Amino acid sequence: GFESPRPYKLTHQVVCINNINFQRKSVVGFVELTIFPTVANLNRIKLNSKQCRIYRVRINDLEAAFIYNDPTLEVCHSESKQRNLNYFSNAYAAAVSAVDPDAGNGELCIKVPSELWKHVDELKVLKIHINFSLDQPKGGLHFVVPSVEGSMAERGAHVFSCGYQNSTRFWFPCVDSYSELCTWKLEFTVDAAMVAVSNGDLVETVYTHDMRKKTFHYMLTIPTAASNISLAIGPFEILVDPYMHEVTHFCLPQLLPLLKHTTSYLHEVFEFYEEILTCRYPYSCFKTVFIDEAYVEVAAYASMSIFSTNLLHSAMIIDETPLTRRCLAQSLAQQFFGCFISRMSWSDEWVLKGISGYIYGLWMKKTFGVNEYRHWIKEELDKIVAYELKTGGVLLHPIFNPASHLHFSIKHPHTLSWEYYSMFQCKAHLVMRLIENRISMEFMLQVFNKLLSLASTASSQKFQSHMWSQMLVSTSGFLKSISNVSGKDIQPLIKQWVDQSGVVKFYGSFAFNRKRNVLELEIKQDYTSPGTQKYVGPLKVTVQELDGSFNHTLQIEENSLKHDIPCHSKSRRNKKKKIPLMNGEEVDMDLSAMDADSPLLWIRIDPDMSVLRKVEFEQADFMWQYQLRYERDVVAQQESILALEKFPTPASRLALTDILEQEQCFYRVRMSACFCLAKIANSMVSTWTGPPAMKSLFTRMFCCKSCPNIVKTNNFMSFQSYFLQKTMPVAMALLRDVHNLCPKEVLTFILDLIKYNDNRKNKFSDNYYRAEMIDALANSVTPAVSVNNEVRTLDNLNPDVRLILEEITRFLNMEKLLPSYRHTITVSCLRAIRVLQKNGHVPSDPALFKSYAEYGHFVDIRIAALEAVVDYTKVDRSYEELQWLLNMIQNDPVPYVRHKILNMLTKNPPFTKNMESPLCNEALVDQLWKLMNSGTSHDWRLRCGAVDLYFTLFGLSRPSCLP
Amino acid sequence: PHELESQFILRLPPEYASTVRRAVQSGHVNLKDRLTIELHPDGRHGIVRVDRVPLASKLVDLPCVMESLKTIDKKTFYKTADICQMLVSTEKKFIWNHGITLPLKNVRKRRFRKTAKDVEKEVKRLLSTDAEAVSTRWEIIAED
Amino acid sequence: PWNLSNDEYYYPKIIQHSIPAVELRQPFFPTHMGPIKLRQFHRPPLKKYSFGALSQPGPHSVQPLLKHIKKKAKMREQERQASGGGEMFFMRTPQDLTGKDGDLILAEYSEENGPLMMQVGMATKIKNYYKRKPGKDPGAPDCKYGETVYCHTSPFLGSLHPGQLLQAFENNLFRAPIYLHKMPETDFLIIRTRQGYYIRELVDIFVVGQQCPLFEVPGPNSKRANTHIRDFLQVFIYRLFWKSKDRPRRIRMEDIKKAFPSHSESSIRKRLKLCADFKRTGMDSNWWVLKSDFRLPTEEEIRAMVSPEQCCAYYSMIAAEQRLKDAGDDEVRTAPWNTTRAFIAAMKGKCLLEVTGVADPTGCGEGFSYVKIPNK
């Protein structure tokens, strides 16, 4: 049951936009809302509006009086001397709650005229006509206007609606909540050479009487929220999908072949999401818009998605096809379960984020294989256990503070830190995988189909929300639908992993009792760490003995420590028979390293990742080597690679080398075995016999049979030896001699890989392989032996580093004339120059990176150069570079770059709270408090980034470096 | 508490079965007055009265075991009760040799495997008589 | 840009009972069966009531239930369409398992005493195995009940002919070929309860052939047998502790002695030793209170302790124990632990079975005998 927090119900909204002026960056328009009051004596009506100048408001064609105030413009007063962050977080939460449409509130308060009170008490319709104007928007609509001359379509100027969550208040007045569903009528009067893309279906396109402008009329009969309404106006090249004909793809001019190749996969994503769920795609059209200077890499609205143009690749670009493919896939998953089925509160957001991430993981499983699915699930689980042990924990479904261990309030999406938002979505889809583990996948897809079917029977009624609230899901409704389809309720699993905000830590060690033939496990939990919680459920453990692989369920109550499980025979060591594996197959194992008295070959605690856990198991090194070689699970091979770094014995070198030589191993395991072999080789110097590690293996796999030092000409058509070939010198460059310097046998090998590179014969580009070669050249740089702080000049350069510097100079200059796909070699060469500057080789001068961080460059070059400037101002304690970065945060045209500068200055801070630094003035405290209070008031993501930066630099209490 | 329901099969003469079938498929409570069942304290004898006409009944044991299976979707079936008795209307006499379906006829005689070495109760009575006695004399005998 | 997961080298290649059945509730799954109740196993006699409307001697009107059937079916369809229209789970209460509603079919068994048999409240599925004709085939002959599946590899011992559809009961316990027959024209179904008689007609009756067992019945005094007895007693003790309303949860010993009267009280004490303690004096006197450090297991853990199919295998074992005991080596071969072990071993390919023998439940040439023969 859904009861509105608003005293009115909104039925229909007309959004008309005229006079989109690109020179002056200005729009004019009106908005006409059709509300039905649910309570009599409505009097004031409270709507949401930011940055719009409200000209006039007429209610039922009668002139009404409005008052506007935004408390989130300046959160705390300018003349308050408070400088602690808990004060700002409480004031910011109160300010966002005072404009919240999820309460009754709002920023624009319109007073109902007196003569309509007899029209409002007996509950009859009210039609509110606001007309507004955005004079030069700092948020919401982003105007990308290039400085080439010509007409606005000839130079490539466009507008798009940017922002996250409820940010539609930034470009027209609305009820900007996900729970106020209404039908829509959208008119946009644009230039005759431009096209206006929006939500709904385009009913017509009429000309103006001078035929210089045309009006696009859109209609949206599926009741969506105001937060799902978008806009993209530009000189877009239109491409109808040749497979599905209601799907149109819009790109920027001159990028039509890239659009043709890139969006050619999307019909398979549509077919997948419509056959695992049994509902068809709910909207009547689908539109993909590719734009420049995007807010996020992929945004999903109702019947529309806005991607950045940096996803567009051609047919000869690999290492970008899977990333763009999965961006399209998660946009479509959010089309199904973020835009059609919406949110009932700010709680129950974990339901939608979990269903979106879970069905996108099912797509990844079918498309890229079960092994890529397991690797992705393991990397997400490692991400969340790192974040939750780092700071507190992520609390899905809080109850309204519920989480007081962290420096922001979790009551609203616009007060969350961006890393918390990312980990929120990550934990939501892993908890949905856990619900699939308890209640099987076909019942899970039946739950999702029941939600979609209730929403689509709801979506066709005309009753104003008598039935339109069946399109809003809640937690209680989701659990009730689960209990309807399965008969089991998941309330212990919901109580543990949703309502409780923690992950578990397992420390395991075994001992084999030879007398009674049992395996005595010893599993203890660390439950006193700040991020942890105590697990009391069951726990699966998989033991591989000589007779095969056996699963055991252990009951781990609070007082439990020793778990005795039984062991089988050892009669497959009496005769040589094959040892049967986890799957149905069996292999020949070399049992010379195994103990004579124990049959068990390896043990895995929680193999299926059925809890949110971090396992620290103490096996013997031969058990880790057997688990690396003969396991049929990629997460166990990865964890054995990760645990073999502590055992540098030559049997582990033989195990990793046998993994590296082995095709029919998953390629991301061999790419990890490269770096593990490099670390092991560095640890057993003065024992290593022959050549450096992986060199003979590289010449055996990727070089000519007649010439060992000449590499084969590039043929990248295998896509697994391409990735292994481009990752093996990067790990090989981490080799070090007894003198702690990279050997001149590996550096010469990398330089010969660079010289003899011929790419005139493959059908694929070479930009990522050459960029990884520059990364391998950067890995070999050891710190220089400066004497008496000698100035680093050209004559006293290292003889090794002069070759590296010549190569990166040649590569960067050749990129200036023949550019790569996304300037990958510019990014790699800037990263390598920063590596050479971090050691004492090149003079520590930020002027090159400051010239590459200007506005007109590509955004990857910009963020690489700004990363180099952030690293410089951390190491050299530069005041003027920090003022340069803070000025670039305040006034840069691209808001993604501002968010990225705040992000990088949070990750690599110039000082922490423990450090005494020269950059701990009252002036810097006043600048960052002014940046939290004012200055970042237009983005909701810069303000949370400024809160994160103030927390990283000065902590939760009063800045110490202050009177 | 819950008590398992006790279902049995009622077999009627064919004309009376047709009248009872028509009255059941009609569905009125008129059938309730028309059809009554009186079970005698023997336990294996009764009257079924169809339209107030008395018929003589015997509750017999069926050779196979039937099970009623209900369903909501006609794909998954849930067992509701076990049927082993039939009140045919018109000890060894209370045992039915045939099964309800056409292929199962003379099942007890032909399609049932018989393994052999009331009798136990008789042995218990004999033991009780021996206990109430004073002197017991026994001999395995021959023809006499 | 492609799959790139070497999946062919790492990975080279359902029955939901009612909530009374998975919770092992005591009318449907009895704790103890005596000798006269083991002789009447799955053949329950018509009991005389002591109190109720049918306990008074005299004529009793039967009551038609066709408004009840269609009202309950319309109500369940409203529940299903209110829940999104998909397939729903309805059997959540014991009162859902009555014969007074839903579409009843009957299922007759060919064997006298099968090796495995379902208790009341358990679910089974009807699978229509259809082998296509060589080359072109019209499609499975359609059938009123069950779902159709195309079986290249015959589930049963024989192999299906081309173009032959065979229906079968499929569950976790067995798999057995069923054959739809129409009901006799004279037989109706009388459901008697304490309140009165109720009458349904039946139209569909299946004949169930020789079962192919999928669960192994344990032997007497086996390790699996004693493990099931101990786990069943532990589950009953936990569910009595859950039912206790006292704030320190407390039970009485003679409730357990009423449920399991053949058990020596040393075994019941052993189960209560961990998780409970006896209070002799003061408050809670002569009660077995729950220990304060002991976490009583949740409902899903108690369900994971004992499965209903294990209870059916145990009931088959003790019923066969009684029948063998009453009848004073051929009979021992026909015991369900031997025949279930023989059939499951034959399905893995361990050994072969003499298909003509003495374990034949027909007693003639029809039907199989599941006793092990060597493969040499």
# chains A, B, ... in the order shown; residues from 1 in each chain; ligands from 1
>>> select_by_dssp(residues="chain B", states="helix (DSSP H, G or I)", output="ChimeraX atom specification")
/B:14-26,30-34,107-111,119-132
>>> write_last_selection(atoms="N, CA, C and O atoms", output="CSV table (one decimal), in the first residue's frame")
chain,number,residue,atom,x,y,z
B,14,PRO,N,-26.4,-49.5,-11.0
B,14,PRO,CA,-26.2,-48.5,-12.1
B,14,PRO,C,-27.3,-47.5,-12.4
B,14,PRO,O,-27.0,-46.4,-12.7
B,15,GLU,N,-28.6,-47.9,-12.2
B,15,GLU,CA,-29.6,-46.9,-12.3
B,15,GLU,C,-29.6,-45.9,-11.1
B,15,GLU,O,-29.7,-44.7,-11.3
B,16,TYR,N,-29.4,-46.4,-9.9
B,16,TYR,CA,-29.2,-45.5,-8.7
B,16,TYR,C,-27.9,-44.7,-8.8
B,16,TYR,O,-27.9,-43.6,-8.4
B,17,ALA,N,-26.9,-45.3,-9.5
B,17,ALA,CA,-25.7,-44.5,-9.7
B,17,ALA,C,-26.0,-43.3,-10.7
B,17,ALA,O,-25.4,-42.3,-10.6
B,18,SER,N,-26.8,-43.6,-11.7
B,18,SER,CA,-27.1,-42.5,-12.6
B,18,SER,C,-28.0,-41.4,-12.0
B,18,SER,O,-27.7,-40.2,-12.3
B,19,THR,N,-28.9,-41.8,-11.1
B,19,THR,CA,-29.7,-40.7,-10.4
B,19,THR,C,-28.8,-39.9,-9.4
B,19,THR,O,-28.9,-38.7,-9.4
B,20,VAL,N,-27.9,-40.6,-8.7
B,20,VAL,CA,-27.0,-39.9,-7.8
B,20,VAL,C,-26.0,-39.1,-8.6
B,20,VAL,O,-25.7,-37.9,-8.2
B,21,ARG,N,-25.6,-39.5,-9.8
B,21,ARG,CA,-24.6,-38.7,-10.6
B,21,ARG,C,-25.3,-37.4,-11.1
B,21,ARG,O,-24.7,-36.4,-11.1
B,22,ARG,N,-26.5,-37.6,-11.6
B,22,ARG,CA,-27.3,-36.4,-12.1
B,22,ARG,C,-27.6,-35.4,-10.9
B,22,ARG,O,-27.4,-34.2,-11.1
B,23,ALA,N,-27.9,-35.9,-9.7
B,23,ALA,CA,-28.1,-35.0,-8.6
B,23,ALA,C,-26.8,-34.4,-8.1
B,23,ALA,O,-26.9,-33.3,-7.5
B,24,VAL,N,-25.7,-35.1,-8.2
B,24,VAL,CA,-24.4,-34.5,-7.8
B,24,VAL,C,-24.0,-33.4,-8.8
B,24,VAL,O,-23.7,-32.3,-8.4
B,25,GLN,N,-24.1,-33.7,-10.1
B,25,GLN,CA,-23.7,-32.7,-11.1
B,25,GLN,C,-24.7,-31.5,-11.2
B,25,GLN,O,-24.3,-30.5,-11.7
B,26,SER,N,-25.9,-31.7,-10.7
B,26,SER,CA,-26.8,-30.6,-10.6
B,26,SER,C,-26.3,-29.6,-9.5
B,26,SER,O,-26.2,-28.4,-9.8
B,30,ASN,N,-30.8,-30.4,-2.6
B,30,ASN,CA,-31.9,-31.4,-2.7
B,30,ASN,C,-31.3,-32.8,-2.6
B,30,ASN,O,-31.9,-33.6,-2.0
B,31,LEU,N,-30.1,-32.9,-3.2
B,31,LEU,CA,-29.4,-34.2,-3.1
B,31,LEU,C,-29.1,-34.6,-1.7
B,31,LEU,O,-29.2,-35.8,-1.4
B,32,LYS,N,-28.9,-33.6,-0.8
B,32,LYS,CA,-28.5,-33.9,0.6
B,32,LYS,C,-29.7,-34.7,1.2
B,32,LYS,O,-29.4,-35.7,1.9
B,33,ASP,N,-30.9,-34.3,1.0
B,33,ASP,CA,-32.1,-35.0,1.6
B,33,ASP,C,-32.2,-36.4,0.9
B,33,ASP,O,-32.4,-37.4,1.6
B,34,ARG,N,-31.9,-36.4,-0.4
B,34,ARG,CA,-32.1,-37.7,-1.2
B,34,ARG,C,-31.1,-38.8,-0.8
B,34,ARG,O,-31.6,-39.9,-0.7
B,107,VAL,N,-6.8,-59.2,-9.3
B,107,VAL,CA,-5.4,-58.7,-9.0
B,107,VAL,C,-4.9,-59.5,-7.8
B,107,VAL,O,-3.8,-60.0,-7.8
B,108,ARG,N,-5.8,-59.7,-6.8
B,108,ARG,CA,-5.3,-60.4,-5.5
B,108,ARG,C,-4.9,-61.8,-5.9
B,108,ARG,O,-3.8,-62.3,-5.5
B,109,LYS,N,-5.7,-62.5,-6.7
B,109,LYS,CA,-5.4,-63.9,-7.2
B,109,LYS,C,-4.2,-64.0,-8.1
B,109,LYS,O,-3.4,-64.8,-7.9
B,110,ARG,N,-4.2,-63.1,-9.2
B,110,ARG,CA,-3.1,-63.3,-10.2
B,110,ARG,C,-2.0,-62.3,-10.1
B,110,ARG,O,-0.8,-62.8,-10.2
B,111,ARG,N,-2.2,-61.0,-10.0
B,111,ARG,CA,-1.1,-60.0,-10.1
B,111,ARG,C,-0.5,-59.7,-8.7
B,111,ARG,O,0.3,-58.8,-8.6
B,119,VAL,N,-4.3,-65.2,13.3
B,119,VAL,CA,-3.5,-66.4,13.8
B,119,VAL,C,-2.7,-65.9,15.0
B,119,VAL,O,-2.7,-66.7,16.0
B,120,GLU,N,-2.1,-64.7,15.0
B,120,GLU,CA,-1.3,-64.2,16.1
B,120,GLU,C,-2.2,-64.0,17.3
B,120,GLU,O,-1.8,-64.4,18.4
B,121,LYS,N,-3.4,-63.5,17.1
B,121,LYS,CA,-4.4,-63.3,18.2
B,121,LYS,C,-4.8,-64.6,18.8
B,121,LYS,O,-4.8,-64.7,20.1
B,122,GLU,N,-5.0,-65.6,18.0
B,122,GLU,CA,-5.3,-67.0,18.5
B,122,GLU,C,-4.2,-67.5,19.3
B,122,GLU,O,-4.5,-68.1,20.4
B,123,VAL,N,-2.9,-67.3,18.9
B,123,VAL,CA,-1.7,-67.8,19.6
B,123,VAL,C,-1.7,-67.1,21.0
B,123,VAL,O,-1.4,-67.7,22.0
B,124,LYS,N,-2.0,-65.8,21.0
B,124,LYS,CA,-2.0,-65.0,22.3
B,124,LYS,C,-3.1,-65.6,23.2
B,124,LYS,O,-2.8,-65.7,24.4
B,125,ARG,N,-4.3,-65.9,22.7
B,125,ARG,CA,-5.4,-66.5,23.5
B,125,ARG,C,-4.9,-67.8,24.1
B,125,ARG,O,-5.1,-68.1,25.3
B,126,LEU,N,-4.2,-68.6,23.2
B,126,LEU,CA,-3.7,-69.9,23.7
B,126,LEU,C,-2.7,-69.7,24.8
B,126,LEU,O,-2.8,-70.5,25.8
B,127,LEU,N,-1.8,-68.7,24.7
B,127,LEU,CA,-0.8,-68.5,25.7
B,127,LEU,C,-1.5,-68.0,27.0
B,127,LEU,O,-1.1,-68.5,28.1
B,128,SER,N,-2.5,-67.2,26.9
B,128,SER,CA,-3.3,-66.7,28.1
B,128,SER,C,-4.0,-68.0,28.8
B,128,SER,O,-3.9,-68.0,30.0
B,129,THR,N,-4.5,-68.9,28.0
B,129,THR,CA,-5.2,-70.1,28.6
B,129,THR,C,-4.1,-70.9,29.3
B,129,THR,O,-4.4,-71.4,30.4
B,130,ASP,N,-2.9,-71.1,28.7
B,130,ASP,CA,-1.8,-71.8,29.3
B,130,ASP,C,-1.4,-71.1,30.7
B,130,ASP,O,-1.2,-71.9,31.7
B,131,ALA,N,-1.4,-69.8,30.7
B,131,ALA,CA,-1.0,-69.1,31.9
B,131,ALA,C,-2.1,-69.3,33.0
B,131,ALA,O,-1.7,-69.6,34.2
B,132,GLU,N,-3.4,-69.3,32.6
B,132,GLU,CA,-4.5,-69.4,33.6
B,132,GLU,C,-4.6,-70.9,34.1
B,132,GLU,O,-5.3,-71.1,35.1
>>> closest_atom_pairs(of="chain C", to="chain A", cutoff="8 Å", atoms="only C-alpha atoms", output="CSV")
residue,atom,partner,partner_atom,distance
C:1,CA,A:321,CA,5.1
C:2,CA,A:368,CA,6.6
C:3,CA,A:368,CA,4.3
C:4,CA,A:720,CA,6.8
C:5,CA,A:369,CA,5.4
C:6,CA,A:666,CA,5.6
C:7,CA,A:369,CA,6.7
C:9,CA,A:664,CA,6.3
C:10,CA,A:632,CA,4.8
C:11,CA,A:583,CA,6.5
C:12,CA,A:583,CA,7.4
C:19,CA,A:487,CA,7.7
C:83,CA,A:450,CA,6.9
C:84,CA,A:450,CA,4.4
C:85,CA,A:450,CA,6.6
C:86,CA,A:450,CA,6.1
C:87,CA,A:485,CA,6.9
C:88,CA,A:485,CA,5.0
C:89,CA,A:485,CA,5.7
C:92,CA,A:487,CA,7.4
C:295,CA,A:557,CA,7.9
>>> write_last_selection(atoms="N, CA, C and O atoms", output="compact mmCIF listing (two decimals), in the first residue's frame")
# COMPACT_ATOMS: atom_id res chain seq x y z
N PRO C 1 35.89 -9.06 -26.73
CA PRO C 1 34.83 -8.83 -27.72
C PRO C 1 34.02 -10.08 -27.95
O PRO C 1 33.05 -10.08 -28.70
N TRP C 2 34.43 -11.15 -27.28
CA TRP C 2 33.82 -12.47 -27.42
C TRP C 2 33.71 -13.12 -26.05
O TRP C 2 33.77 -12.46 -25.01
N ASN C 3 33.50 -14.44 -26.08
CA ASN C 3 33.29 -15.21 -24.87
C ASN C 3 34.54 -15.23 -24.00
O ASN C 3 34.52 -14.76 -22.86
N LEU C 4 35.63 -15.82 -24.51
CA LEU C 4 36.97 -15.86 -23.91
C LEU C 4 37.05 -16.58 -22.57
O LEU C 4 38.11 -16.59 -21.94
N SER C 5 35.96 -17.17 -22.12
CA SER C 5 35.93 -18.00 -20.94
C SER C 5 35.99 -19.43 -21.42
O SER C 5 35.06 -19.90 -22.10
N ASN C 6 37.07 -20.13 -21.11
CA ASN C 6 37.23 -21.51 -21.53
C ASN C 6 36.29 -22.36 -20.68
O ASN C 6 36.67 -22.97 -19.68
N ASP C 7 35.02 -22.38 -21.07
CA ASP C 7 33.99 -23.00 -20.26
C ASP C 7 33.87 -24.49 -20.48
O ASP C 7 33.44 -25.21 -19.57
N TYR C 9 36.20 -26.57 -20.64
CA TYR C 9 37.23 -27.24 -19.87
C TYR C 9 37.00 -27.12 -18.37
O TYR C 9 37.54 -27.94 -17.62
N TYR C 10 36.24 -26.13 -17.93
CA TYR C 10 35.94 -25.96 -16.51
C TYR C 10 34.61 -26.59 -16.14
O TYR C 10 34.48 -27.19 -15.07
N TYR C 11 33.61 -26.47 -17.01
CA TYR C 11 32.27 -27.01 -16.78
C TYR C 11 31.90 -27.78 -18.04
O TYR C 11 31.39 -27.20 -19.01
N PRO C 12 32.14 -29.10 -18.06
CA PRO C 12 32.13 -29.82 -19.34
C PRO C 12 30.75 -30.12 -19.89
O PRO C 12 30.64 -30.50 -21.06
N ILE C 19 3.66 -26.99 3.06
CA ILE C 19 4.26 -26.51 4.31
C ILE C 19 3.93 -27.42 5.49
O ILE C 19 4.77 -27.54 6.39
N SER C 83 -1.55 -11.48 -7.43
CA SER C 83 -0.13 -11.60 -7.17
C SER C 83 0.71 -11.49 -8.43
O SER C 83 1.86 -11.92 -8.42
N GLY C 84 0.15 -10.96 -9.51
CA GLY C 84 0.91 -10.76 -10.73
C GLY C 84 0.64 -11.74 -11.83
O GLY C 84 1.17 -11.57 -12.93
N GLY C 85 -0.14 -12.78 -11.59
CA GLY C 85 -0.59 -13.65 -12.64
C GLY C 85 0.27 -14.85 -12.92
O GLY C 85 -0.11 -15.69 -13.75
N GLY C 86 1.42 -14.98 -12.27
CA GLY C 86 2.30 -16.11 -12.50
C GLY C 86 1.81 -17.36 -11.80
O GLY C 86 0.66 -17.46 -11.38
N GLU C 87 2.70 -18.33 -11.66
CA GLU C 87 2.31 -19.52 -10.92
C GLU C 87 2.60 -19.28 -9.44
O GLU C 87 3.60 -18.64 -9.09
N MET C 88 1.68 -19.73 -8.60
CA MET C 88 1.69 -19.43 -7.18
C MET C 88 1.86 -20.72 -6.39
O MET C 88 1.72 -21.82 -6.92
N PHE C 89 2.16 -20.56 -5.11
CA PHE C 89 2.23 -21.67 -4.16
C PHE C 89 1.07 -21.52 -3.19
O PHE C 89 0.99 -20.52 -2.47
N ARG C 92 -0.31 -23.97 1.91
CA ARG C 92 0.41 -23.38 3.02
C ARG C 92 -0.15 -23.76 4.38
O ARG C 92 0.49 -23.48 5.40
N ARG C 295 21.34 -21.17 21.02
CA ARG C 295 20.49 -20.56 20.01
C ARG C 295 19.64 -21.66 19.40
O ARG C 295 20.16 -22.59 18.78
>>> interface_residues(of="chain C", to="chain B", cutoff="6 Å", atoms="only C-alpha atoms", output="PyMOL selection string")
chain C and resi 43+58-63+66+97+102-109+112+120-125+145-146+186-193+327+361-363
>>> residues_around(residues="region 337-350 of chain A", least_positions_apart="2", cutoff="6 Å", atoms="only C-alpha atoms", output="JSON list (two decimals) with N, CA, C and O atoms, in the first residue's frame")
[["chain", "number", "residue", "atom", "x", "y", "z"],
["A", 178, "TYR", "N", 10.35, 10.07, -7.22],
["A", 178, "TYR", "CA", 10.14, 8.86, -8.00],
["A", 178, "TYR", "C", 8.77, 8.25, -7.77],
["A", 178, "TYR", "O", 8.43, 7.27, -8.44],
["A", 179, "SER", "N", 7.98, 8.79, -6.84],
["A", 179, "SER", "CA", 6.70, 8.23, -6.47],
["A", 179, "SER", "C", 5.52, 8.98, -7.06],
["A", 179, "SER", "O", 4.39, 8.52, -6.94],
["A", 302, "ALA", "N", 13.42, 7.14, -18.81],
["A", 302, "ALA", "CA", 12.27, 6.42, -19.35],
["A", 302, "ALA", "C", 12.32, 6.45, -20.87],
["A", 302, "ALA", "O", 12.30, 7.52, -21.47],
["A", 334, "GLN", "N", 18.56, -1.18, -16.43],
["A", 334, "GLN", "CA", 17.92, -0.09, -15.72],
["A", 334, "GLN", "C", 16.68, 0.43, -16.43],
["A", 334, "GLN", "O", 15.84, 1.05, -15.78],
["A", 335, "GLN", "N", 16.57, 0.23, -17.74],
["A", 335, "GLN", "CA", 15.31, 0.53, -18.43],
["A", 335, "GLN", "C", 14.20, -0.35, -17.91],
["A", 335, "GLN", "O", 13.07, 0.10, -17.73],
["A", 352, "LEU", "N", 15.64, -2.14, -6.36],
["A", 352, "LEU", "CA", 15.77, -1.83, -7.77],
["A", 352, "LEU", "C", 17.21, -1.94, -8.24],
["A", 352, "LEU", "O", 17.47, -2.50, -9.32],
["A", 353, "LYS", "N", 18.16, -1.41, -7.45],
["A", 353, "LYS", "CA", 19.57, -1.53, -7.80],
["A", 353, "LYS", "C", 20.03, -2.98, -7.81],
["A", 353, "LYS", "O", 20.82, -3.37, -8.68],
["A", 354, "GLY", "N", 19.49, -3.80, -6.91],
["A", 354, "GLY", "CA", 19.85, -5.20, -6.89],
["A", 354, "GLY", "C", 19.29, -5.98, -8.06],
["A", 354, "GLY", "O", 19.97, -6.84, -8.61],
["A", 356, "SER", "N", 18.48, -4.70, -11.05],
["A", 356, "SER", "CA", 19.22, -4.24, -12.22],
["A", 356, "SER", "C", 20.59, -4.89, -12.31],
["A", 356, "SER", "O", 20.94, -5.47, -13.35],
["A", 396, "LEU", "N", 22.06, -1.32, 3.26],
["A", 396, "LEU", "CA", 20.87, -1.39, 2.42],
["A", 396, "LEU", "C", 19.65, -1.38, 3.32],
["A", 396, "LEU", "O", 19.65, -1.99, 4.39],
["A", 397, "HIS", "N", 18.60, -0.69, 2.88],
["A", 397, "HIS", "CA", 17.34, -0.51, 3.60],
["A", 397, "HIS", "C", 17.52, 0.00, 5.03],
["A", 397, "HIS", "O", 17.40, -0.78, 5.98],
["A", 428, "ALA", "N", 24.00, -4.27, -3.34],
["A", 428, "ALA", "CA", 22.63, -4.64, -3.65],
["A", 428, "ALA", "C", 22.57, -5.80, -4.62],
["A", 428, "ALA", "O", 21.80, -6.75, -4.42],
["A", 471, "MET", "N", 3.00, 0.14, -9.90],
["A", 471, "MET", "CA", 4.26, 0.27, -10.60],
["A", 471, "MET", "C", 5.41, 0.66, -9.68],
["A", 471, "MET", "O", 6.54, 0.75, -10.14],
["A", 472, "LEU", "N", 5.13, 0.88, -8.40],
["A", 472, "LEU", "CA", 6.14, 1.21, -7.41],
["A", 472, "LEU", "C", 6.36, 0.00, -6.52],
["A", 472, "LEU", "O", 5.41, -0.51, -5.92],
["A", 473, "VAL", "N", 7.60, -0.44, -6.41],
["A", 473, "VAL", "CA", 7.94, -1.60, -5.58],
["A", 473, "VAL", "C", 8.44, -1.10, -4.23],
["A", 473, "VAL", "O", 8.94, 0.01, -4.10],
["A", 474, "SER", "N", 8.24, -1.92, -3.20],
["A", 474, "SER", "CA", 8.77, -1.66, -1.88],
["A", 474, "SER", "C", 9.52, -2.90, -1.41],
["A", 474, "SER", "O", 9.60, -3.90, -2.13],
["A", 475, "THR", "N", 10.09, -2.83, -0.21],
["A", 475, "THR", "CA", 10.74, -4.02, 0.33],
["A", 475, "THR", "C", 9.72, -5.04, 0.78],
["A", 475, "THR", "O", 9.86, -6.23, 0.50]]
>>> atom_distance(atom1="CA of residue 36 (chain A)", atom2="CA of residue 49 (chain A)")
20.2 Å
>>> select_by_dssp(residues="region 283-335 of chain A", states="strand (DSSP E)", output="PyMOL selection string")
chain A and resi 286-291+298-301+304-308
